[PDB]
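Shown next, in structure tokens, is the structure this report addresses.
Protein chains: 2
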Amino acid sequence: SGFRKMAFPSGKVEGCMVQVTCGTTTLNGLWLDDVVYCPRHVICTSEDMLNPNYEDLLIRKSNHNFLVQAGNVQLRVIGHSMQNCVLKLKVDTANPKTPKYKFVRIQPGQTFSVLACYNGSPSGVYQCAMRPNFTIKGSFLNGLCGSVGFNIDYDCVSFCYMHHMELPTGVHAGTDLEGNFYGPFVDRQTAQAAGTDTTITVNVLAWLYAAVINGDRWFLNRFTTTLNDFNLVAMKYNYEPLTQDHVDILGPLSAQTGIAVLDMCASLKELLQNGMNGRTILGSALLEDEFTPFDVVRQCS
Amino acid sequence: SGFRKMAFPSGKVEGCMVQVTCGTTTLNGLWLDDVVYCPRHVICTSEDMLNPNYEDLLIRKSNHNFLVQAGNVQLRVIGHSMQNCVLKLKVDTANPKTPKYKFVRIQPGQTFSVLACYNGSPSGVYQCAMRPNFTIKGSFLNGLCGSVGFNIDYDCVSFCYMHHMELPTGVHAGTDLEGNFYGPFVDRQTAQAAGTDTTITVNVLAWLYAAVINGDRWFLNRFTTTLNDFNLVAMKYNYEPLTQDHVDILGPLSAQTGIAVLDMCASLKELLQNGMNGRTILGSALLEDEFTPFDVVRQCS
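Protein chains in written order, with the entry's author numbering: chain A, 1 to 301; chain A', 1 to 301. A prime marks a further copy of an entry chain.
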């Protein structure tokens, strides 16, 4: 039938985006209260990025080397500090548009919205997943460093990602808002390998439930299986192993559709082995894994 | 490789969404200056919708039957008026959050962002195309009547769509902001057929250019063709005919990639006839038609 990825409304985040320029390098910053968060690599020349000593580089910089703009306004940097891979630029003006917010570190396979920004100006909003190997796919953040990923729960913006770099493979890597990289990556222009990526099994199951809910059910069979038997097949097709926590997470969708989680696992098992025979599910010719069980519940209920 | 659909930042639209309740029916309204725009079918009972005389129904209603809420605020309806299929509720308070805006009527095959809203509260943002048959696919606006589609150019929000209804097939139908339906549809609960849908040829070509730009070029062949010869094949696979205006529209992408528009048409011709042989283009197993040439230019340049 049809099922679209949905991003959170970006309004609350838009009012926090600023421009941070240092030398010939301009990237995006996040302005929350009297602090502007941005990738520490803003201080690096192209040469510096090859093997930066950030401690030593940061020391040479002065406040007045950091040009922070919010629209047409110029915010004066009062003090600069480094927390892991993120720079914290203290300013004398609290952002009046600061929303209720938390910093959160998300798990692999979870989803969030990214407000893609160029030089402090919002350009667009994307929905994406953190891959099991802690990268983001889609070639949508190229040179848009400092753009942030988030989720909105009630009135609160939970910031979970800040874009730092493209790996040589083109995939995106970044940090949480405390500047800790997702995955084994470092903010240096060197060869770095992402792990083997795997398909997010729980998400694919969620999406199949979505398909049933939307009347697209051709793939449903009258088999069931055990987690153990299913996971043998999963490993073969580079699917993340399915846990009891995952099964527990899928309960509401199982209850809504009257399809036991392990029965849905049996239908996936058959799709993996036989393919889709030139057929589509929710208008897609492949199995989609960037919708969480929560995403499906929110959109389908 | 990878290429994600991007919605416009929704902030400017978020501040315009209101709740309009009439009887047991609650839907979304657009609050611009001292006017609230919403589907006229808000005044209809479930029974009324089967065959409404809107003129007669509107007459029975009074201002005080229209409950208009902006967050926790209650806006008093000063006067109510009907322009085609949209109700215009005059209020005594101008929206202080009114952005620079235009009302525009878009062409079939064009794209826009939809701020999906439930009862005046923004829930999410989607990117979509107006199908050649003047419907919207994706089952994302169900019961979210009054949600609006838009584009943002510079500082200006160009409103182009207001959601009214799902056709019995489940696809979405709606109007421009002057209340003129897109396509042959009416705001009545009766059987209505959408035209045969066709694939948006110019958009598919745009997306192939996108694929080349992102290093995914396996489908490129050393053939060319004429518009006439191509369009013979297109008609066979229910593709929109390609015009010189379309070719002219694709010029910048042709210039960026060094691939003549008619040469790209020849590669599409081959994809249509032979399929994709279990291969993907930009991570998709089918030919995507919801990215305009403009969308591709904005995202890839």
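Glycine included, each C-beta is placed from N, C-alpha and C at the ideal position.
Three-way DSSP call (helix, strand, coil) for residue 201 of chain A in this model: Indexing the first sequence from 1 puts residue 201 of chain A at position 201. Reduced to three states, the DSSP call for residue 201 of chain A is helix.
Cβ of residue 160 of chain A' within 8 Å of any chain A Cβ: Here the question's residue 160 of chain A' lines up with position 160 in the second sequence. No, no contact with chain A.
Supposed contact pair residue 224 of chain A and residue 255 of chain A - C-beta distance, whole angstroms, cut 8 Å: Within the first sequence, numbered from 1, the residue matching residue 255 of chain A stands at position 255. Within the first sequence, numbered from 1, the residue matching residue 224 of chain A stands at position 224. Going by Cβ atoms, the distance from residue 255 of chain A to residue 224 of chain A rounds to 16 Å, so no, they are not a contact pair.
Residue from A':243, A':172, A':17 with nearest C-alpha to residue 200 of chain A': As a first step, residue 200 of chain A' is located in the second sequence; it is residue number 200 there, counting from the start. Selected option, being the one with the closest Cα: A':243.
Interface flag, residue 165 of chain A vs chain A', CB-CB below 8 Å: By 1-based counting over the first sequence, the position of residue 165 of chain A is 165. It does not: the Cβ of residue 165 of chain A has no partner Cβ on chain A' nearer than 8 Å.
Residues that residue 90 of chain A' contacts on chain A, provided the C-beta gap is smaller than 8 Å: Within the second sequence, residue 90 of chain A' is the residue found at index 90, counting from 1. Under the 8 Å cutoff, chain A gives no residues; its nearest Cβ is about 26 Å from residue 90 of chain A'.
Neighbour flag for residue 126 of chain A' against chain A, beta carbons, 8 Å: In the second sequence, the residue the question calls residue 126 of chain A' occupies position 126. Yes, residue 126 of chain A' lies at the interface with chain A (some Cβ there is under 8 Å from its Cβ).
Contact set between the stretch 261–293 of chain A and chain A', restricted to residues whose Cβ is under 9 Å from the partner: 275, 276, 278, 280, 282, 283, 284, 285, 286
For residue 220 of chain A', the first and last residue of its enclosing beta strand (DSSP E): Counting from one through the second sequence, the residue named residue 220 of chain A' turns up at place 220. It is not in any beta strand (DSSP E) - residue 220 of chain A' carries neither H nor E in the DSSP assignment.
Check whether residue 179 of chain A' and residue 44 of chain A' have beta carbons under 8 Å apart: Working through the second sequence from its first residue, we reach residue 179 of chain A' at position 179. Working through the second sequence from its first residue, we reach residue 44 of chain A' at position 44. No, the pair does not count as a contact, with Cβ atoms beyond the cut-off.
Outcome for residue 308 of chain A' when other beta-carbon atoms lying within 10 angstroms are tallied against a minimum of 16: Absent from the structure is residue 308 of chain A', since the part of chain A' shown begins at 1 and ends at 301.
Segment limits, alpha helix (DSSP H) that includes residue 97 of chain A': Taking the second sequence and counting its residues from 1, one reaches residue 97 of chain A' at position 97. Neither: residue 97 of chain A' is in no alpha helix (DSSP H) and is coded neither H nor E.
Residues that residue 251 of chain A' contacts on chain A, provided the C-beta gap is smaller than 9 Å: Here residue 251 of chain A' refers to the residue found at position 251 when the second sequence is read from its first residue. Within 9 Å Cβ-Cβ: nothing; residue 251 of chain A' doesn't reach chain A, min ~23 Å.
Beta carbon proximity, residue 96 of chain A' to chain A, threshold 8 Å: Mapped onto the second sequence, residue 96 of chain A' falls at position 96. Closer than 8 Å: no.
Chain A contacts made by the stretch 136–156 of chain A', where a contact means CB separation under 7 Å: 137, 138, 139, 140
CB contact flag (residue 202 of chain A', residue 138 of chain A', <8 Å): Indexing the second sequence from 1 puts residue 202 of chain A' at position 202. Indexing the second sequence from 1 puts residue 138 of chain A' at position 138. No, Cβ-Cβ distance for residue 202 of chain A' and residue 138 of chain A' is not below 8 Å.
N- and C-terminal bounds of the alpha helix (DSSP H) containing residue 256 of chain A': Position 256 of the second sequence, counted from the first residue, corresponds to residue 256 of chain A'. Residue 256 of chain A' -> alpha helix (DSSP H) spans 251–257.
Beta carbon proximity, residue 2 of chain A' to chain A, threshold 8 Å: Along the second sequence, read from residue 1 onward, the residue named residue 2 of chain A' stands at position 2. So yes, residue 2 of chain A' belongs to the interface.
Other residues of its chain near residue 217 of chain A: CB distance less than 8 Å, five sequence neighbours each side excluded: Position 217 of the first sequence, counted from the start, is the residue given in the question as residue 217 of chain A. Cβ neighbours of residue 217 of chain A beyond the five flanking positions: 211.
Separation of residue 124 of chain A' from residue 204 of chain A, as counted between CA atoms: By 1-based counting over the first sequence, the position of residue 204 of chain A is 204. By 1-based counting over the second sequence, the position of residue 124 of chain A' is 124. If you take the alpha carbons of residue 204 of chain A and residue 124 of chain A', they lie about 21 Å apart.
Assigned exposure category for residue 68 of chain A' - 16 Cβ within 10 Å defines buried: In the second sequence, counting from the first residue as 1, residue 68 of chain A' sits at position 68. So residue 68 of chain A' ends up on the buried side.
Closer than 8 Å at the beta carbon, the chain A residues around residue 174 of chain A': Here residue 174 of chain A' refers to the residue found at position 174 of the second sequence. The premise fails here: residue 174 of chain A' is roughly 16 Å from chain A at the closest Cβ pair, so nothing lies under 8 Å.
4-residue-minimum alpha helix (DSSP H) runs that sit fully inside the stretch 17–99 of chain A', ordered along the chain: 54–60
When A':299, A':157, A':288 are compared against residue 114 of chain A', the one with the closest alpha-carbon: As a working note, residue 114 of chain A' is residue 114 in the second sequence. Selected option, being the one with the closest Cα: A':157.
Through-space distance from residue 127 of chain A' to residue 247 of chain A', alpha-carbon basis: Translated into the one-based positions of the second sequence, residue 247 of chain A' becomes position 247. Translated into the one-based positions of the second sequence, residue 127 of chain A' becomes position 127. Taking the straight line joining both Cα atoms gives about 24 Å.
9 Å Cβ cut-off: residues of chain A' touching residue 214 of chain A: Locating residue 214 of chain A in the first sequence gives position 214, counting from the first residue. Chain A' residues near residue 214 of chain A: 139, 170.
Residues bridged to residue 173 of chain A (per DSSP): As a working note, residue 173 of chain A is residue 173 in the first sequence. Residue 173 of chain A is bridged to A:165.
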